[PDB]
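As stored in work18.cif (mmCIF, C-alpha atoms):
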data_start
#
loop_
_atom_site.group_PDB
_atom_site.id
_atom_site.type_symbol
_atom_site.label_atom_id
_atom_site.label_comp_id
_atom_site.auth_asym_id
_atom_site.auth_seq_id
_atom_site.Cartn_x
_atom_site.Cartn_y
_atom_site.Cartn_z
ATOM 1 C CA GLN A 75 -5.089 -26.327 -8.208
ATOM 2 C CA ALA A 76 -2.859 -23.441 -7.255
ATOM 3 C CA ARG A 77 0.745 -23.424 -8.560
ATOM 4 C CA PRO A 78 3.627 -23.079 -6.073
ATOM 5 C CA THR A 79 5.458 -20.136 -7.684
ATOM 6 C CA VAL A 80 8.878 -18.764 -6.817
ATOM 7 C CA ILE A 81 9.044 -14.997 -6.190
ATOM 8 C CA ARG A 82 12.571 -13.475 -6.038
ATOM 9 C CA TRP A 83 13.623 -9.983 -4.893
ATOM 10 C CA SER A 84 17.144 -8.911 -5.927
ATOM 11 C CA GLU A 85 17.237 -5.244 -4.882
ATOM 12 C CA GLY A 86 18.337 -5.740 -1.276
ATOM 13 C CA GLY A 87 16.957 -4.349 1.956
ATOM 14 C CA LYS A 88 17.040 -5.617 5.518
ATOM 15 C CA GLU A 89 13.562 -7.151 5.556
ATOM 16 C CA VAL A 90 11.333 -8.002 2.640
ATOM 17 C CA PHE A 91 7.669 -8.935 2.406
ATOM 18 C CA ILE A 92 5.183 -9.412 -0.460
ATOM 19 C CA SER A 93 1.481 -8.617 -0.699
ATOM 20 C CA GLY A 94 -0.857 -8.882 -3.650
ATOM 21 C CA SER A 95 -4.257 -9.445 -5.156
ATOM 22 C CA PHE A 96 -4.034 -13.274 -4.712
ATOM 23 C CA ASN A 97 -5.525 -12.743 -1.247
ATOM 24 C CA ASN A 98 -6.955 -9.261 -1.681
ATOM 25 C CA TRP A 99 -3.878 -7.635 -0.176
ATOM 26 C CA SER A 100 -4.718 -9.093 3.231
ATOM 27 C CA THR A 101 -1.298 -10.301 4.409
ATOM 28 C CA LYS A 102 2.415 -9.477 4.285
ATOM 29 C CA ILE A 103 4.290 -12.657 3.483
ATOM 30 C CA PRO A 104 7.985 -12.653 4.368
ATOM 31 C CA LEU A 105 10.604 -13.563 1.780
ATOM 32 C CA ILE A 106 13.546 -15.611 3.091
ATOM 33 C CA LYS A 107 17.052 -14.275 2.621
ATOM 34 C CA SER A 108 19.377 -16.326 0.376
ATOM 35 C CA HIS A 109 22.762 -14.677 -0.347
ATOM 36 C CA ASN A 110 22.001 -11.454 -2.250
ATOM 37 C CA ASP A 111 18.389 -12.397 -2.868
ATOM 38 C CA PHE A 112 15.171 -12.825 -0.908
ATOM 39 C CA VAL A 113 12.824 -15.621 -1.945
ATOM 40 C CA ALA A 114 9.230 -16.851 -1.332
ATOM 41 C CA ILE A 115 7.110 -19.663 -2.715
ATOM 42 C CA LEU A 116 3.539 -18.591 -3.135
ATOM 43 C CA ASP A 117 0.596 -20.850 -3.971
ATOM 44 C CA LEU A 118 -0.922 -18.882 -6.885
ATOM 45 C CA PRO A 119 -4.075 -19.791 -8.814
ATOM 46 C CA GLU A 120 -3.858 -19.843 -12.589
ATOM 47 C CA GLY A 121 -4.459 -16.442 -14.050
ATOM 48 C CA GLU A 122 -2.818 -13.171 -13.144
ATOM 49 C CA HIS A 123 -2.020 -11.434 -9.914
ATOM 50 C CA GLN A 124 -0.777 -8.000 -9.013
ATOM 51 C CA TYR A 125 1.745 -7.771 -6.214
ATOM 52 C CA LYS A 126 4.093 -5.347 -4.475
ATOM 53 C CA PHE A 127 6.906 -5.586 -1.959
ATOM 54 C CA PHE A 128 7.152 -4.045 1.472
ATOM 55 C CA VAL A 129 10.853 -3.487 2.051
ATOM 56 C CA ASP A 130 12.082 -1.818 5.242
ATOM 57 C CA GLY A 131 8.642 -0.320 5.667
ATOM 58 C CA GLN A 132 8.228 1.105 2.169
ATOM 59 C CA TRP A 133 6.127 -0.191 -0.755
ATOM 60 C CA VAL A 134 8.277 -0.863 -3.805
ATOM 61 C CA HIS A 135 8.025 -2.835 -7.021
ATOM 62 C CA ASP A 136 10.541 -5.187 -8.677
ATOM 63 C CA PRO A 137 12.102 -3.282 -11.567
ATOM 64 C CA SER A 138 13.030 -6.587 -13.281
ATOM 65 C CA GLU A 139 9.405 -7.725 -13.758
ATOM 66 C CA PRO A 140 6.424 -6.357 -15.586
ATOM 67 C CA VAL A 141 4.350 -3.608 -14.096
ATOM 68 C CA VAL A 142 0.814 -2.352 -14.340
ATOM 69 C CA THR A 143 -0.991 0.693 -13.058
ATOM 70 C CA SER A 144 -3.536 -0.126 -10.388
ATOM 71 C CA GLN A 145 -6.626 1.995 -9.783
ATOM 72 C CA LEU A 146 -4.754 3.367 -6.767
ATOM 73 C CA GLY A 147 -2.420 4.849 -9.417
ATOM 74 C CA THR A 148 0.544 2.977 -7.871
ATOM 75 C CA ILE A 149 2.852 0.780 -9.931
ATOM 76 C CA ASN A 150 2.333 -2.951 -9.083
ATOM 77 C CA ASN A 151 4.093 -5.874 -10.509
ATOM 78 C CA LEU A 152 2.008 -8.320 -12.555
ATOM 79 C CA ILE A 153 2.590 -12.057 -12.829
ATOM 80 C CA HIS A 154 0.729 -14.405 -15.248
ATOM 81 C CA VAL A 155 0.423 -17.939 -13.877
ATOM 82 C CA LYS A 156 -0.237 -20.666 -16.449
#

Could you render the structure from this file as structure tokens?
Amino acid sequence: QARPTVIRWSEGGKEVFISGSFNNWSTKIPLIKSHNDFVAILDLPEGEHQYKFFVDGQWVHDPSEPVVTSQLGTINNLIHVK
């Protein structure tokens, strides 16, 4: 069973999307604006996923969450889902 998981982006921007390894980087999922934040709920399998944000057309990671180096040599965020 995948776990509905809240993802929050607090760094601003006009439009915010997330992509990640949970679907082999195949889609850009919008986050919904809520006051100073943007928010999504993703259905994530147990385990770990790498992810990155696409904010006003630029790939960026969340500085408030853990990061890992991908084989692309870019910094992705990492989430562990129990």

Resolved residues for the PyMOL selection byres ((chain A and resi 96) around 7) as a PyMOL selection string:
chain A and resi 94-95+97-98+118+123

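By all atoms listed in the file, and with residues fewer than 5 positions from segment 76-93 of chain A along its chain excluded, the set lying at most 6 Å from it is residues 99, 102, 103, 104, 105, 111, 112, 113, 114, 115, 116, 117, 118, 119, 125, 126, 127, 128, 129 and 130 of chain A.
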
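The space separating atom CA of residue 145 of chain A from atom CA of residue 124 of chain A comes to 11.6 Å.
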
One-decimal distance in Å that lies between atom CA of residue 122 of chain A and atom CA of residue 151 of chain A
10.4 Å

Using only the atoms of segment 86-105 of chain A listed in the file, plus 3 Å on each side, state the axis-aligned box centre and edge lengths in Å rounded to one decimal, as lines of an AutoDock Vina configuration file.
center_x = 5.7
center_y = -9.0
center_z = 0.2
size_x = 31.3
size_y = 15.2
size_z = 16.7

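Shortest separation to residue 134 of chain A among A:150, A:101, A:108, A:75 occurs at residue A:150, atoms counted being all atoms listed in the file.
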
Taken to one decimal, the atom CA of residue 142 of chain A-atom CA of residue 155 of chain A distance is 15.6 Å

Assuming the chain letters and numbering stay as they are in my file, what does the PyMOL selection byres ((chain A and resi 139) around 10) actually select? List them as a ChimeraX atom specification.
/A:135-138,140-141,150-153
